[PDB]
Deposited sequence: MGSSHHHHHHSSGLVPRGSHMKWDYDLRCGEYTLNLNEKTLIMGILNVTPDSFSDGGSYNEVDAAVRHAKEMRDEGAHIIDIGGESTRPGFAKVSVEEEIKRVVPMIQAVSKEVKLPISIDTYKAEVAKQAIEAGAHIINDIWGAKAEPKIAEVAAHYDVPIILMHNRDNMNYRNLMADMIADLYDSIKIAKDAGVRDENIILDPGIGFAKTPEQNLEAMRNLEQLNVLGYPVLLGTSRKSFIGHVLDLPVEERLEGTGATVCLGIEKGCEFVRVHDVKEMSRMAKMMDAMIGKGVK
């Protein structure tokens, strides 16, 4: 039981009633195609919209946040690691930050987070696979992200963790991170799991990307059962139903 609510400016996310679904989002053609998708996702049971060099990243992602935040009543996270991109995106209307490098590629991003008082997702990442002991190094690695974030003024309650499935991990190390996901819980934070349609599901099932829906389901179910608060997925309709059935069962 979490004794607090995820505070996202306009919207508030309760961490106890259900698994929160974060749906992944793909001029006028671009921004409209994006709005249709957010609306669809919003309608299929999504609770959050995730919207993915420096000059161009802003020119592409800012227009989308303006449009989607205006027409879809749901918190928006900006899928970046660059400090400037993150600032611009929160100004444009993004509620959450989602950094795939856990404040380590550009430490100043954390200072953006503390500044605007927004929730931040620190994902596990690194430039090698040379682990002593996978889980233990992960936990040490994520904790290093927490220290960078805390030193920057980010409040405990605006911190979210993500084990970084599919990053800096071999096919077999990804299964291992899955199998030991509950250990992440000892750190005392909400956990977002992002496994959708990823390579390692292909490697187990020997299936191409468009046929990984049942594989993704598996990983989502396993992760909810191991205590995750969020899941980041492509197939919002399917995964929402799966999440809700899980939640019924574990008694959430």
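- Stretches of the deposited sequence lacking C-alpha coordinates, numbered from 1: 1-21, 48-57, 84-94, 295-297.
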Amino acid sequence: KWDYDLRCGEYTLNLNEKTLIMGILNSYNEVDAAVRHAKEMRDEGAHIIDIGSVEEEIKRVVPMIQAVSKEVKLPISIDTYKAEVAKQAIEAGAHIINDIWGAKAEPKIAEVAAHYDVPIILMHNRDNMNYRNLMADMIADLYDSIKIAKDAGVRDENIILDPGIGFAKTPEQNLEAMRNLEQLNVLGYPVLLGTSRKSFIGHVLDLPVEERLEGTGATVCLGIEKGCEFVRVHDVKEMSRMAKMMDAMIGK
From here on, numbers count along this sequence of modelled residues.
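Here, rigid core means the biggest group of C-alpha atoms that superpose within 1.5 Å across both forms.
- Where the structures in 8 other deposited structures of this protein are fitted on the rigid core, 53-61 is the one of 53-61 and 28-36 whose C-alphas sit farther from the shown form on average.
- Taking only CA atoms, the mean B-factor in the PDB entry is higher for 81-89 than for the other of 167-175 and 81-89.
- Across the two stretches, 179-187 and 32-40, the PDB entry reports the greater mean Cα temperature factor for 32-40.
- Residue-level inspection of the entry shows that, of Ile160, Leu142, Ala105, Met135, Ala105 has the top Cα B-factor.
- Remark: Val209 belongs to the middle third of its chain, ranked by C-alpha B-factor as recorded.
- Compared with the other modelled residues of the chain, the Cα B-factor recorded for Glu225 ranks in the lowest third.
- Sorting the modelled residues of the chain by their CA temperature factor places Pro63 in the highest third.
- Looking at the C-alpha B-factors along this chain, the one for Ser53 belongs to the highest third.
- Ranked within its chain, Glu10 lands in the highest third, by CA B factor from the PDB record.
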